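Below is one structure, written out as structure tokens, with a few remarks after it.
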Amino acid sequence: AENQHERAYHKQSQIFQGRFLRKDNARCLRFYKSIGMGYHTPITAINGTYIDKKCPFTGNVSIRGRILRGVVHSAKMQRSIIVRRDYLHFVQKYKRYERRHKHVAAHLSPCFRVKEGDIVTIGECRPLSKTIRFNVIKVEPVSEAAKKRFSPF
Amino acid sequence: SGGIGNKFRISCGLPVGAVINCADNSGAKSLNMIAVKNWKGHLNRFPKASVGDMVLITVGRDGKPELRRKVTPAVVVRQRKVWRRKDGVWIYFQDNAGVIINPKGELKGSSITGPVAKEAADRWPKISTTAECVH
Amino acid sequence: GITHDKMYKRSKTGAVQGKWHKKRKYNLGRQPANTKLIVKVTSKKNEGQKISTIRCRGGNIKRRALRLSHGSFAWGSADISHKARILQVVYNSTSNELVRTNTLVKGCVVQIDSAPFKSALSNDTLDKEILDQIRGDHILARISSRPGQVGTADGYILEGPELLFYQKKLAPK
Amino acid sequence: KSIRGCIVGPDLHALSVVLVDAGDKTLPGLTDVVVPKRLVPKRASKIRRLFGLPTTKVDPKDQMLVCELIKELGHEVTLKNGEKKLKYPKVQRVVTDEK
RNA sequence: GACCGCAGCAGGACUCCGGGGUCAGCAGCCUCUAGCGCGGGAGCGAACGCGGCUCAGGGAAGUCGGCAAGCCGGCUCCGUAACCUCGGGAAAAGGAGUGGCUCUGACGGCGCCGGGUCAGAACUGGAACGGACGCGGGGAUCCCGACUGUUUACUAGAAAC
RNA sequence: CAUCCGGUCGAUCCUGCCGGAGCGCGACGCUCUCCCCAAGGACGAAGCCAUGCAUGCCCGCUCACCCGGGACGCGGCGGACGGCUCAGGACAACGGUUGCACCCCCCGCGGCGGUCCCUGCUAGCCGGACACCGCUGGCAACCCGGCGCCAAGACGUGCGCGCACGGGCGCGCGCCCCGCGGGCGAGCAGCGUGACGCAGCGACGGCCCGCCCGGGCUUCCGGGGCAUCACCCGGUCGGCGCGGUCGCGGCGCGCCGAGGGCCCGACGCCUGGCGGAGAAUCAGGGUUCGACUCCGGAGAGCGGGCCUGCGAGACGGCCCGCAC
């Protein structure tokens, strides 16, 4: 709001940034749309200057489909994490299995920061970007180093 | 005969040892001049070709393999050096160029690329019909 | 058409997929509109503010930013609105080149005239920063409507610490 | 398609003109011949105009018909010469009880 | 500036000290200092030389042979083969910019001071920039010698030594 | 639906492969008194096409040296259906599973059917303006020359209920979680307010919303070989804005941060690579092929662009480049 490094101001589009000017009292400062499937939102995600249009809890995004889960290996991309799911495929010729894996990308928001080795659900959503179609909701960090073990959860 | 008609002499600009461009769709990229037909040479005179003078040319390595290693009759359509037609207009073509023609005058390929000079058209008719523009 | 297809883009892993077919009309792309804003008609009368309706899939009609200079603004605080012709495009923010040709862009900060909004001074000190802008006839606002797709010049007025963030740039930078 | 230039050249095969104001001396076999116009006005708007009643506006009389006794195309095999019914180009453009 | 070449001979003779400016430079091109106007002068601008300059179009077709001219070049930045004694080739080859102005950043000492080097931008020049000067043409092979070196001072600088 | 046997030797017992033996599909050859049902230019030629046909149907508006049979055109709708071939295409096409609260759609079908008017108004019906034709033009054809009248269930101007009503705006719920109803699984729609504004149709008033429908993306799980292809991509990969599209999107266009994906084989290369439903032969377990019915995808010599439309980059639409 007073910072001048960003070339442009970022605001919640649903609330007019002009709606509130002085003696703010009876207006709603943050637009929050409750997510589907009743996954709980931590009060940490409800309070803050985070807009993140991609985030479903705040910003114009809603989950419309399946809620897969995988583990976080990469968080370097800006506000984006690459989660790896593992699929065990039954081959008929030999009833033994193959641990093929897939790395899928989503949108995390600073409201729920992630550690390495966490269980992160991704919600089927509007096609966000070229590779982005999913969005993170629930994060469960595991202690020490979780490695892999090809665990589908 | 094949070249038919009378041409008032126009200034001649391309001597032997000249790689004129080739605009035909026959695919000969470039033609190197060897001689100009009907040249009575004076001592130490390189034979020279004007717009519309049948010349024998050899296609270079760039050109298609079949036409290479052979003398092929061609008619120069464009000459860079300015030439004065009897109208007194002085006209210069942007780049030296030639079209491969039969002794009859049938071109190796149908298309003629870019401008064709009016003197080439009178002497050689097939070029005139296929000319995109006769400047 | 100038298509917008996934196949044309490289795969995430860097594969260059050969397109399965040729380009498609429902994936067609159109001419980006360069909007024209008139600082003054003055002596010349050749250019006037004209809008374009275009053919679309399903017969839908699209108004376009052919030539739009007249502009409308509703004071968020008052909820009342006034319509005139805006001065020009001031902060495209994507590119400063766009500003020179006055190419309008959705929600691009512009220079706003106060030909019918000078009435604000009559109310006592409403938005004193806006009052200082209104009398001058030069204000800041973002035309928040889609010009190319819907040909709309209606826009919001800039109020809030957001206006101050933009103002800090708008004043010397 | 190749289109001939508007300014004339030396050809003899094709050309065509109009007389904006032929003055006197209209030729007996050419310009003078004043010929009636066939397909005489067939609409009520044309009835209130060239047909003969310009100031009527919406017409109270409604129907104005200059009978056309002309037979229609091919007859001599039938030899019904006696029935050249006097039809009119159909009258129209009126708000009848139906409208 | 007088030595030695028959001589007051565009020749040969050893060092000392060596300002500024453009520039990488004890270079080239100008210049203070310091010297000084040479076996004379005037016409006339023919042939023909001698020392340059340029040429429409094509270009080695000229010739014993690209002889000679010409092309290239400075700087920065990418891009740099085959081969190979892996050290080279290699500046391979092949491109892009360069001017003047208006400026912004990096570095030694604020209490004032260092030094111009580099980047990064705008704005403008008939569509011009190493604008004079200094300053590689390039590639494909083959034959001899490995090469750095030495040679018949006054006809052979090599494959010879 | 669970099988053999001729062959290494002087013999034997083996491993091991050669060969028969069974069975399907096409050639080929030898051949046919039958009768019935029947595939049929798929096979390194998605090579070239001569010759005909392959999307046509009704005149509201007929005034045509006719008749009750109506030419013609303007219009109306269909030729985006089908038929054909799999060339191209290897996280694509393709089978099934998600969603579209990121979305368009003609036919039909069930609702709605107020539409201010500034202006002109005839608002119980206003225009002028084209074909057909009439008359006379060219060329070797193609190709369509002028003029003259003339009508629309043709095309256009415009009346009509400022809770006009076109979009699109600008702007207005919340109060730490969750339930309520027009609501959903999901605070989504709608309404109100303020500014515009000119969509209706309308000269025989049909716009609108649904339902279906056919698309358009999209989520997962699948979806050839090759490592004598190991590191690859550089809009590449995440954001941040914006344009553009029916539409989400790197899709584009700016702006940034350095990302992406990989031995579980990335990227690359090749394919006489359309995938599936299927087909073949077999105990199980397999193996092999999928071009031909059908289903989806493509493509009409080859590349591009564009029109018309509600939908095609259509190709018995167009226009250009390239061949012929």
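Among B:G88, B:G63, B:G98, the largest mean-square fluctuation in a Gaussian network model of chain B, built with springs joining Cα atoms closer than 10 Å, belongs to B:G88. Which order results if C:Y26, C:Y156 are arranged by neighbouring Cβ count within 10 Å, fewest first? Neighbour counts put them in this order, fewest first: C:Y26, C:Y156. In terms of other Cβ atoms within 10 Å, B:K7, C:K19, D:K57 run from fewest to most in the order D:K57, C:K19, B:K7. Each peptide in A:81-89, A:23-31, A:115-123 receives the mean, over its residues, of other Cβ atoms within 10 Å, and ordering these scores from highest gives A:115-123, A:81-89, A:23-31. When the GluC sites (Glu not before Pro) in the stretch D:44-76 are filtered for DSSP coil states and for at most 10 other beta-carbon atoms within 10 Å of their beta-carbon, the remaining sites are D:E72, D:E76. Note on chain C: with a GNM built from Cα contacts shorter than 10 Å, the maximum mean-square fluctuation among C:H138, C:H21, C:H82 falls on C:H21.
Between D:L50 and C:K6, the simple spin-label model (points 7 angstrom out along Cα→Cβ) gives 6.5 nm. In percent, rounded to a whole number, the relative contact order of the stretch C:30-173 is 23, using alpha-carbon pairs under 8 Å and six or more apart. The trypsin sites (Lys or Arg not before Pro) of the stretch B:19-126 that meet both conditions, a loop assignment by DSSP and at most 16 other Cβ atoms within 10 Å of the site Cβ, are B:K29, B:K37, B:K40, B:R45, B:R61, B:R69, B:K70, B:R80, B:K81, B:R85, B:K86, B:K104. Annotation: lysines with alpha-carbon distance below 17 angstrom to D:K85 (same-chain offsets under eight excluded): D:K71.
Inter-chain neighbour count for A:6-19: the average number of beta-carbon atoms from partner chains within 10 Å of each residue's beta-carbon is 5. Across peptide C:156-165, the mean count of Cβ atoms from other chains lying within 10 Å of each residue's own Cβ comes to 6. Placing +1 on the Cβ of every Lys and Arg and -1 on the Cβ of every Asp and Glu, with nothing else charged, gives chain A a dipole about its Cα centre of roughly 600 debye. For the protein assembly as shown, the mean residue ellipticity at 222 nm estimated from helices alone is -2000 deg cm²/dmol, where every DSSP H run of n ≥ 4 contributes -39500 (n - 2.57) and the total is divided by all residues, rounded to the nearest 500. Take every Cα pair under 8 Å in chain B that's 6+ residues apart, average their separations, divide by the length, and report that relative contact order as a whole percent. Once normalised by length, the contact order is 26 percent.
When the listed pairs A:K102/A:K130; A:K102/C:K25; B:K7/D:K1 are checked against a 25 Å cut-off, the alpha-carbon distance exceeds it for A:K102/C:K25; B:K7/D:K1.
If you run the Gaussian network model on chain A, springs between alpha carbon atoms under 10 Å, then out of A:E124, A:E140, A:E98 the most flexible one is A:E98. In terms of surrounding Cβ atoms within a 10 Å radius of their Cβ, C:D113, C:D124, D:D62 rank from fewest to most as C:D124, D:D62, C:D113. Applying both filters, DSSP loop and at most 16 other Cβ atoms within 10 Å, to the GluC sites (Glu not before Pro) of the stretch B:99-135 gives B:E106, B:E132. Net charge dipole, chain C: roughly 1740 debye, given to the nearest 20, about the Cα centre with Cβ charges of +1 for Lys and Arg and -1 for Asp and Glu.
Every read-out reported here was derived from the displayed coordinates using simple, explicitly stated rules and does not represent laboratory data. A quick note on method: Cβ atoms are made from the backbone with ideal geometry, for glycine too, and the neighbour counts reach across all protein chains shown.
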